[PDB]
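For reference, the structure discussed in these notes is given below.
Atoms within each ligand, like the ligands themselves, are counted from 1 in listed order. The sequence lines fix the lettering, A, B, ..., with proteins before strands; numbering per chain opens at 1.
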Amino acid sequence: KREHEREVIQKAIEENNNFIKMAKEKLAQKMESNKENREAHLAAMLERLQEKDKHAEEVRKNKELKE
Amino acid sequence: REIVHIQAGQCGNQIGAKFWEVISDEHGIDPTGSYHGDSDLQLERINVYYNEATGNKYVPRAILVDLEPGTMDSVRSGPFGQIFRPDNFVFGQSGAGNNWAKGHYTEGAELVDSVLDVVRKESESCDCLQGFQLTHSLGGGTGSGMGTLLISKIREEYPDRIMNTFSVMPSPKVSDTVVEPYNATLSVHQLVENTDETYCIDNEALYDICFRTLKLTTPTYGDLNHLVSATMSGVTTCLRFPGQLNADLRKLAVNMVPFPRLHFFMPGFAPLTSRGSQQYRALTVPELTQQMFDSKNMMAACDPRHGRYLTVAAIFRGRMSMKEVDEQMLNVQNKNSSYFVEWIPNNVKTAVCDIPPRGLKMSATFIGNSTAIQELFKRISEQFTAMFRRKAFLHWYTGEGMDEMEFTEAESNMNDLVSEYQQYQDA
Ligand SMILES: Nc1nc2c(ncn2[C@@H]2O[C@H](COP(=O)(O)OP(=O)(O)O)[C@@H](O)[C@H]2O)c(=O)[nH]1
Ligand SMILES: COc1ccc(N(C)c2nc(Cl)nc3ccsc23)cc1
Ligand SMILES: [Mg+2]
């Protein structure tokens with residue numbers, strides 16, 4: 001009975017620890033992928049704005065060729 | 001032959017405090033521990049329950065236990081609270097939340113060694129320890145879970161001492177939480193294995209008595225505990241006073257328990273009185289005898305006519321004819337012989353004590369080992385399974401590390417107890 005008593009309290013400690021552990025890992029993974037995804041969206045937005053500067057340079061070049 | 005008393009949890013400490021108030025008054029001890037007593041019958045066996053201190057003070061051999069400090073503060077604030085030895089208050093801070101698992105496995109485990117240290121100190125000063133008596137409820141967390149944890153540890157360290165309990169069974173009519181049937185069933189499983197004798201104090205019966213017989217419309221725990229303290233005083237009479245019997249806890253166990261597991265008693269009391277209001281006509285010995293055997297006077301809500309008395313112990317208190325007491329006790333058995341098992345000859349024993357309890361010229365206390373006690377455990381078993389079949393409210397327990405399997409074993413053991421009581425009701 002003493003053996004079973006400490007196995008019960010060790011089990012309670014193990015479940016509480018595991019819950020804390022999984023919550024900590026779950027949000028660490030969530031914040032990591034959230035940061036990646038937001039950055040990928042901003043990176044794509046700039047990459048298309050920069051293409052607008054590449055195209056605007058070409059436009060002025062073609063005007064020069066017309067002279 | 002010293003008894004060590006332990007009271008645990010809210011209910012245990014409240015009925016515990018009342019018991020010490022009541023028997024101290026009977027033995028002529030005031031809240032200071034001084035004896036201003038009339039008779040000398042009062043002191044002859046006073047050492048069964050009291051340590052003597054220098055300056056001829058009498059200190060209860062009592063240990064007060066709780067995982068929560070509140071109701072032990074109220075006891076110390078209480079009338080006789082100054083009589084208890086302050087070192088024998090052992091308490092935690094977090095409470096048990098009405099959870100057997102917390103009292104037994106997580107909160108109670110943290111505190112149980114301190115209690116066992118206090119138990120040890122009191123035992124080492126004993127010339128010859130009889131054993132222990134515990135007051136507790138089975139429906140809460142502390143008295144139920146930690147109380148049964150204490151019983152198990154006390155048995156390991158004192159395996160040749162007697163363990164006696166006054167256990168208050170929960171009732172929906174007087175109920176704190178829905179999980180009482182869980183706590184009670186887990187506790188009964190412990191009581192079956194680890195006590196020699198337990199008085200089943202049924203809050204259902206205490207409520208029915210107050211409502212029906214005592215015409216108290218809204219009974220409080222104060223009204224319930226008046227009944228409890230009267231019963232506790234009566235059933236202890238032959239431990240505390242000199243008589244033709246000079247009983248102790250082991251002889252009570254030997255003569256009341258024909259098979260080890262069937263050690264759960266229905267107590268009875270007469271006359272039934274409410275607190276504060278006194279009635280001025282004493283009973284006749286014939287009246288005492290009939291009332292003490294009446295189902296309306298049982299402190300466990302079971303019908304005695306639904307079973308058989310294996311053994312009975314009866315104690316009559318007050319100045320009366322022992323001849324008339326003998327005739328009336330012989331009368332009830334001879335007229336109702338079918339309700340006493342034929343295979344235990346002369347299974348009714350009567351004792352008389354001259355000192356009556358406070359407020360009564362005459363009283364009768366009844367201790368029955370009846371197969372009808374199975375009704376009590378059946379009632380609790382139904383309430384348990386009603387929730388358990390849907391696993392309702394279990395998370396309170398699995399959250400402390402308990403497994404469903406432990407609930408299944410405790411329920412199955414209590415069903416076996418019911419079967420065994422049924423086995424002897426027909427023999
Ligand atoms: N007769 C009686 N029963 C009580 C009293 N206090 C609590 N109870 C019962 O005990 C149960 C509650 O358990 P409790 O002892 O308060 O929890 P604990 O503090 O952990 O021991 C309830 O079902 C009540 O019916 C009391 O003063 N008298
Ligand atoms: C069935 O036969 C018996 C039942 C019980 C006893 N003993 C030991 C008692 N012990 C205490 Cl403490 N009180 C009383 C009161 C009346 S008997 C009794 C003896 C014989
Ligand atoms: Mg309570």
Please write down residue, atom name and distance for the protein heavy atom closest to [atom].
atom: atom 17 (O) of ligand 1; answer: B/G140 CA, 3.6 Å
atom: atom 11 (C) of ligand 2; answer: B/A247 CB, 3.4 Å
atom: atom 16 (O) of ligand 1; answer: B/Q10 OE1, 2.9 Å
atom: atom 5 (C) of ligand 1; answer: B/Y221 CD2, 3.3 Å
atom: atom 2 (C) of ligand 1; answer: B/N225 OD1, 3.2 Å

Consider every N or O of [X] and every N or O of ligand 1, then say whether any pair is closer than 3.5 Å.
X: B/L206; value: no
X: B/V174; value: yes
X: B/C11; value: yes
X: B/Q14; value: yes

Under 2.8 Å from the Mg ion (ligand 3), the protein N, O or S atoms, given as residue and atom |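 Atoms qualifying: B/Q10 OE1.
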Who's closest to atom 1 (N) of ligand 1 heavy-atom-wise, of B/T220, B/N203, B/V168?
-> B/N203
If you measure from each non-hydrogen atom of B/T142 to ligand 1, which part falls under 4.0 Å: side chain, backbone, both or neither?
->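 The answer is both.
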Under-4.0 Å heavy-atom contact with ligand 1, by part of B/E180 that carries it =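 The side chain, only.
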Report yes or no: does B/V254 have a heavy atom closer than 4.0 Å to ligand 2?
-> no
Which ligand 2 atoms does B/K251 reach within 4.0 Å, using its non-hydrogen atoms?
->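 Here the atoms of ligand 2 in question are 8 (C).
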Partners of B/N164 by side chain to side chain donor-acceptor pair (under 3.5 Å), sequence neighbours excluded?
->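 Testing B/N164 for side chain to side chain donor-acceptor pair (under 3.5 Å), a comparison that skips the adjacent residues, returns none.
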Taking only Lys NZ, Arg NE, NH1 and NH2, and the carboxylate oxygens of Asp or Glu, determine whether B/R155 and B/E193 approach each other closer than 4.0 Å.
->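 No, this pair does not count.
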